[PDB]
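Per chain, numbering begins at 1; letters A, B, ... match sequence-line order. Counting starts at 1 for both ligands and their atoms, following the listed order.
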Amino acid sequence: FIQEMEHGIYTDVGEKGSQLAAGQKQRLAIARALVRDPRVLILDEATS
Amino acid sequence: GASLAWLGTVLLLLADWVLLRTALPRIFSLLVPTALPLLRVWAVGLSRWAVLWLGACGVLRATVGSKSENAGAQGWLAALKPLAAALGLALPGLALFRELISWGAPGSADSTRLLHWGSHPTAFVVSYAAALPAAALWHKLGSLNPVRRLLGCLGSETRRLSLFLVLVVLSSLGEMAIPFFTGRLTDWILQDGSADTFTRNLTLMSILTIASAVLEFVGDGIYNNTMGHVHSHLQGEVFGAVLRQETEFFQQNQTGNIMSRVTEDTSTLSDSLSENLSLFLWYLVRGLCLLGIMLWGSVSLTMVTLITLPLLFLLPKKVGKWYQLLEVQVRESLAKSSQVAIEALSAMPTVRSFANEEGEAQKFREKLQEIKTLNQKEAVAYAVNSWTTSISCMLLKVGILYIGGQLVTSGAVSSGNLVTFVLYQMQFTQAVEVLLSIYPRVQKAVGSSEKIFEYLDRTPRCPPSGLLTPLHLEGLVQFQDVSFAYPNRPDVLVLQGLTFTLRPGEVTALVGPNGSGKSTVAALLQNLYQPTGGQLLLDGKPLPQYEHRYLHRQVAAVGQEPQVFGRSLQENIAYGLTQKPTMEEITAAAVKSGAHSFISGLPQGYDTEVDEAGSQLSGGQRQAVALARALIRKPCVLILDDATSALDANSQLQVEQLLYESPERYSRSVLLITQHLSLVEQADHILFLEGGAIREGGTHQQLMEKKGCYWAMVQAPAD
Ligand SMILES: Nc1ncnc2c1ncn2[C@@H]1O[C@H](COP(=O)(O)OP(=O)(O)OP(=O)(O)O)[C@@H](O)[C@H]1O
Ligand SMILES: [Mg+2]
């Protein structure tokens, strides 16, 4: 869904990610968490 | 037309110069005794005015007969009457005023020697030259910007600012009555043996000072109360206007920005208004008093002073726009800083969980750097404007001094009157400097109020609320070829050709992958957005035809991430009801939604104040509170937007009972957006909204038989 946006990864998401679906927000949060290559990963209702 | 009018005007001028110049003084000297020269002058002036007015009326009547030529000639002729009035009544009025001023020091030479001035060609030319500009100004005035918008706020408060002005004038009169009754200080204080003059003057001065102080006290109280009312009213109006806008206006303008505009721009505007308006009115009154004194001193030099004020006000008129733009930029930067701060302070767990306090600080510092670069220009402009005002008033004083010296050398003005005029003209120029300093502040206030007045004058891009409040509403919703594209990205269609119907007593599940458009359907059914195509009917009529509050108590929705305000749970459950419900209704709703179990266990029960973000309520409890809030209205249409995601087993059983078992199900239609197939399986209708279009529909058995998208979704985990 990122490539379907107007400007790809440079598209403004809105305040509190308002211009997004809930699943898109969860996927973006997962991507943010994974970009760090964390040693410990805590998925708190990451797939609700 | 024009030629006849010009010929008539020339004939009138010649007649006035020939006959009225000489014949009238002789006639009124023979008719009137010599003991009343003022009476002779008044009679001659009245006769001249009458003759000229009759001539002007005749010329106007003659010109009205023909209408073939332009109307400019008539416009010019319109000033013949005031010009004639000035010509006739300039001399007698001055003579009467001079006689009334003093009965022992006549200026003479006008009232007396009446024919010696009426027939005097020099005096005739002087009267014409004096009457021409006064008549021109009067005619120009009679024939008859963001600052007007700024000052329109003081509309309903005129009756109180008028009292303020009256009290200011009374205080000024009391201030000036001291020298006119007690004289100069040394006249009584220095005299040795003063018993009936020192005490009298001291008591009179003290009484006048006390009266002026009390008048100023009352006026200031009235003014401050009025300004407080203005401030409150303006803030309320701005907030209401902001809330009257459309749903996307709040996606273009962010929360902190709007909050800064509503709370901070208005406050600065009102403070500037109050300070500068009080200053302006006070200095206007005192400058008028100083002008009166100056006129008493030397009329010619006072007119010369009044001629040159526009020269002093030229430059401010040029730089006002620069001031406005500067202040607009300053307000915008402050709003951006407010947005950064609001966004950071509302998600502190997220900021700290990623160790990004430094980044938020850096963003705030960047906004503050913008504001700093603007403040540098503010300060430099302040210094330069101060220099300009000081130099302007200094040059005014110097020029008046030079002209007064020339006049005193030429013998036109006596030395004492010249000194008095100079001493009061210095104060007048100081007041002029104060007003010049006020002007940039007004320009900056315009700049500050630009955005809030844009809010106030903005036209919401949404239909107005209707008037339909039927006593009984069935709850039958109909989407007919409804299509929608979000206003920010109208080129993409989120919904394409949705056609379906919600009937009371039935449940219609809306299933599909993420981004399909289900929450968009819920938002359309709540009247948050208007469909671009098709039509959406509630009980056979469009949603905009229903009243706002009626519609929003007849259609209730539990959102995907329900919002809970910072109030007691009792106030959250009943949020928006005109009549506050009784605790029996609130507890019944909580029982229906399953929120009674945990609310009752709270130490304070339903009076438990909720945090701003609702962090006290865990996931599932907040959804139960939102469901109770939806259900307390007894709506005809009930939307559940992924409302069972966080509910535990007990609340899931409660919602299942509410949907498919409760006796009230027959009085409402439910749109059940969900992904829990347990509730979808019992749904009377199922709609697979994939990609914004309903790929399939029907009951559970039919979709399972079709082995289409629904079957694939159901058996995906089993693969
Ligand atoms: N305010 C908005 N402005 C622009 N596009 C938006 C806005 N809100 C949502 N969208 C987009 O509209 C599409 C549909 O969003 P919507 O929330 O209606 O889908 P959904 O199927 O209900 O999502 P989910 O299953 O994740 O809850 C998505 O592509 C989303 O990014
Ligand atoms: Mg959704």
Side-chain angles (χ1 to χ4, degrees), chain A residues 1-31 45-48, chain B residues 245-255 461-462 479 482-498 500 508-534 536 557-563 619 622-623 626 639-647 671-677 679-680 686-697 709-710 713 716:
Chain A
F1 74 86
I2 279 167
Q3 306 301 344
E4 300 183 11
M5 301 188 185
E6 301 182 8
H7 309 81
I9 57 172
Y10 298 96
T11 318
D12 199 331
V13 200
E15 184 180 10
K16 298 177 61 54
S18 59
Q19 310 178 16
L20 245 61
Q24 299 178 0
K25 274 183 263 184
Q26 272 202 355
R27 284 193 276 262
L28 226 68
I30 293 168
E45 264 74 1
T47 59
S48 62
Chain B
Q245 302 306 329
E246 67 276 359
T247 315
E248 54 267 15
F249 167 88
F250 303 89
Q251 296 173 357
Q252 305 163 9
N253 298 261
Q254 295 170 324
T255 305
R461 304 170 185 171
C462 55
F479 286 70
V482 167
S483 184
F484 180 72
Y486 277 96
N488 56 89
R489 190 178 188 184
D491 56 81
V492 164
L493 286 166
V494 184
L495 307 178
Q496 296 182 7
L498 293 184
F500 64 87
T508 307
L510 187 67
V511 303
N514 302 134
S516 57
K518 309 188 290 295
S519 296
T520 305
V521 173
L524 290 181
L525 186 48
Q526 294 188 87
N527 201 27
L528 291 175
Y529 294 108
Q530 306 301 335
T532 66
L536 172 49
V558 188
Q560 186 151 22
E561 302 170 359
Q563 193 87 13
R622 178 159 34 197
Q623 302 192 7
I639 308 165
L640 303 168
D641 192 356
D642 209 7
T644 58
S645 55
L647 300 186
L671 179 61
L672 177 68
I673 307 161
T674 186
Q675 293 164 348
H676 301 261
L677 292 310
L679 295 176
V680 176
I686 305 176
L687 310 169
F688 199 96
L689 191 159
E690 198 285 336
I694 294 173
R695 308 301 181 185
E696 59 190 320
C709 302
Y710 182 79
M713 189 181 67

Colleague: Taking all heavy atoms of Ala46(A) and all of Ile30(A), pick out the closest pair and write down the distance.
Modeller: O-CD1, 3.7 Å
Colleague: Specify whether an N/O/S atom of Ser519(B) falls short of 2.8 Å from the Mg ion (ligand 2).
Modeller: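 Looking at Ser519(B), which is the residue asked about, there is an N, O or S atom under 2.8 Å from the Mg ion (ligand 2).
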Colleague: Evaluate the criterion side chain to side chain contact (heavy atoms under 4.5 Å, CB included) for residue pair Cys709(B) and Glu690(B); output intermediate values, then yes/no.
Modeller: CA-CA 9 Å; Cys709(B) 302; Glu690(B) 198 285 336; 5.7 Å; no
Colleague: Check whether any side-chain heavy atom of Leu524(B) lies under 4.5 Å from a side-chain heavy atom of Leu498(B), and answer yes or no.
Modeller: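 The answer is no; the side chains never approach within 4.5 Å.
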Colleague: Carefully, step by step, assess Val521(B) and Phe500(B) under the rule side chain to side chain contact (heavy atoms under 4.5 Å, CB included).
Modeller: CA-CA 11 Å; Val521(B) 173; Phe500(B) 64 87; 4.2 Å; yes
Colleague: Side chains of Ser645(B) and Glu45(A): do they bring a donor and an acceptor to under 3.5 Å?
Modeller: no
Colleague: Are there more than 12 heavy atoms of other residues, nucleotides or ligands under 6.0 Å from atom CD of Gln563(B)?
Modeller: no
Colleague: N/O/S of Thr520(B) less than 2.8 Å from the Mg ion (ligand 2)?
Modeller: no
Colleague: Taking any residue with a non-hydrogen atom under 4.0 angstrom from an atom of ligand 1, which ones do you get?
Modeller: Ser18(A), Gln19(A), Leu20(A), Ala21(A), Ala22(A), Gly23(A), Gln24(A), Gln251(B), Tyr486(B), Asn488(B), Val494(B), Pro513(B), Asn514(B), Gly515(B), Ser516(B), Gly517(B), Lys518(B), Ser519(B), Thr520(B), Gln560(B)
Colleague: Any luck finding a side-chain donor-acceptor pair between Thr520(B) and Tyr486(B) under 3.5 Å?
Modeller: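 Distance-only check passes for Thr520(B) and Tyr486(B).
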